[PDB]
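See structure below.
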Amino acid sequence: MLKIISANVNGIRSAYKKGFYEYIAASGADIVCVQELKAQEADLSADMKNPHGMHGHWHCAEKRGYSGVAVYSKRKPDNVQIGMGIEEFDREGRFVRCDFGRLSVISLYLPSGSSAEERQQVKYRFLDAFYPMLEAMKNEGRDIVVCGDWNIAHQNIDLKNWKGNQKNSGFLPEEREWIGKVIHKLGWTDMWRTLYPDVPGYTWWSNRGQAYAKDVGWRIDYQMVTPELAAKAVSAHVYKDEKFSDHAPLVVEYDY
DNA sequence: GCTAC
DNA sequence: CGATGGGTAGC
DNA sequence: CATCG
Ligand SMILES: [Mn+2]
């Protein structure tokens, strides 16, 4: 069984302090896609690049302790693409790709426009320029999985308070429509939603109030799988037994 | 303190 | 609905 | 952005 995990670790150093490293092996996952390294190549320890002997490939931001995605895999990838190819977004390290046969896996950290309206604009541009990339990847004819923090909840069932969050970044009508086009127009499969049509499956909880405690969260972490491979999905779950971040690991198992 | 999620 | 208060990571 | 008026 091919177990792929997606985890926005909100700082890989804090995550490791919280035992995320031990979880990498404990989960017996074959591939682990992390977002928000919040560190640079010099800040990363060997266990943060190649945990448990796994191969590791990372894309760090030009800013310190900010963003950053990475991909670990027990198997040696025959190819690795760092960055999307757009310096504007590559400056922040949000895209990594690794090829394993006809299988490609991407660690993706989509910009959050919650901090400021300007960051919301940067997010929208990231959507416009990234959509074509998802289209090309869909047309490659390969089995592709895009794990990561998409920072967009698609429908009401993807968050607790969908009513009061229709004007907030992450659940804007334009954003929901974008994810919707990725799924139905492009042909990508929201693995979780497909496997569990009625299970909300929150992957993130705000630090404000008692969000995590009351389970008032969003499902903004996705594994967008291509049709062929998407049909091979057997099960999935949101590991909550331990908390290493404000996000939660998204585990999906494929008969592949 | 700062930044940024 | 609109108005009100925010914990964390790492610089 | 959850929680309050
Ligand atoms: Mn975060």
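Values below: all heavy atoms of this structure, side chains included; hydrogens, waters and symmetry mates excluded. Just so we're on the same page: letters track the sequence lines, and every chain starts at 1.
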- Message: Nearest heavy atom decides the nucleotide; on that basis, is A:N10 or A:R208 closer to the 5' end of DNA chain C?
- Response: A:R208
- Message: Do A:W150 and A:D221 pair up side chain to side chain, a donor and an acceptor below 3.5 Å, judged on atom types alone?
- Response: no
- Task: Identify whether any heavy atom of A:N161 sits under 4.0 Å from a base atom; if not, whether one sits that close to sugar-phosphate; answer base, sugar-phosphate or nothing.
- Result: base
- Below 4.0 angstrom from OP1 or OP2 of D:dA2, is there any side-chain N or O of A:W218? yes
- Item | C:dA9 and B:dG1, which share atom name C1', separated by this distance in whole Å | 15 Å
- Query: Would one find a side-chain N or O of A:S14 under 4.0 angstrom from OP1 or OP2 of C:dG10?
  - Reply: yes
- Message: I'd like to know if the side chain of A:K123 pairs up with that of A:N151 as donor and acceptor (distance under 3.5 Å, no hydrogens or angles considered).
- Response: no
- Item | C:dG7 and D:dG5, which share atom name P, separated by this distance in whole Å | 16 Å
- Task: Look at all strands and tell whether A:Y212 reaches a base, only sugar-phosphate, or nothing, counting heavy atoms closer than 4.0 Å.
- Result: nothing
- Are A:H52 and A:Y21 close enough that their ring centres sit under 6.0 Å apart? yes
- Starting from P on C:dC11, measure out to CG on A:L37 and report it in whole angstrom. 12 Å
- Query: Any side-chain N or O of A:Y66 under 4.0 Å from OP1/OP2 of B:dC5?
  - Reply: yes
- Item | Proximity to the side chain of A:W204 - top-ranked nucleotide from C:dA9, D:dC1, D:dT3 | D:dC1
- Which whole-number value in Å describes the distance from A:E118 CD to B:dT3 P? 12 Å
- Query: So, is the end of the A:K18 side chain (NZ or CZ) under 6.0 Å from the ring centre of A:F20 and within 45° of the ring's axis?
  - Reply: no
- Are A:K63 and B:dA4 close enough that a side-chain N or O sits under 4.0 Å from OP1 or OP2? yes
- Query: Does the side chain of A:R13 get closer than 4.0 angstrom to OP1 or OP2 of C:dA9 through an N or O atom?
  - Reply: no
- Just how far, in rounded Å, is P of C:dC11 from CD of A:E92? 17 Å
- Query: Looking only at atom P, what distance separates B:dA4 and D:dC1, rounded to whole Å?
  - Reply: 16 Å
- Message: With a 4.0 Å limit, can you tell me whether A:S114 has a side-chain N or O closer than that to the phosphate oxygens OP1/OP2 of D:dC1?
- Response: yes
- Tightest non-hydrogen contact, residues A:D30 and A:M1, listed as OD2-O, 3.1 Å
- With Watson-Crick and G-U wobble geometry limited to distances under 3.5 Å, how should the secondary structure of DNA chain D be encoded in dot-bracket form, using | for bases paired to another strand and [ ] for crossing pairs? ..||.
- Query: With distance as the sole criterion, do the side chain of A:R64 and the base of C:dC11 form a donor-acceptor contact below 3.5 Å?
  - Reply: no
- Nucleotide of D:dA2, C:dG7, C:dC11 approaching A:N207 most closely (side-chain heavy atoms): C:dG7
- A:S115 side chain: which of B:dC5, D:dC1, C:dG2 is closest? B:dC5
- Query: Nearest-Å distance, CG (A:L110) to P (B:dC5)?
  - Reply: 12 Å
- Query: Roughly how many Å is it from CH2 in A:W205 to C1' in B:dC5, rounded to a whole number?
  - Reply: 16 Å
- Message: Do A:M54 and A:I24 make a side-chain contact, defined as non-hydrogen atoms from C-beta onward lying under 4.5 Å apart?
- Response: yes
- Test item: A:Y239 side-chain N/O and A:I5 main-chain N/O as donor-acceptor pair under 3.5 Å: no
- Message: Quick check on D:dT3: is either OP1 or OP2 less than 4.0 Å from any side-chain nitrogen or oxygen of A:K214?
- Response: yes
- Give A:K17 one of three labels, base, sugar-phosphate or nothing, depending on what nucleic acid heavy atoms sit under 4.0 Å from its own. nothing
- Query: At their closest point, which heavy atom of A:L2 faces which heavy atom of A:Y256, and how far apart are they?
  - Reply: CD2-CD2, 3.6 Å
- Query: At under 4.0 Å between heavy atoms, what does A:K163 touch on the DNA or RNA strands: base, sugar-phosphate, or nothing?
  - Reply: nothing
- Query: Cation over ring, A:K243 on A:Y212, under 6.0 Å and within 45°?
  - Reply: yes
- Task: Note down whether C:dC1 puckers north or south, where north is a positive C1'-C2'-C3'-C4' and south a negative one.
- Result: north
- Side chain of A:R94 (C-beta onward), nearest among C:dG10, D:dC1, B:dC5: B:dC5
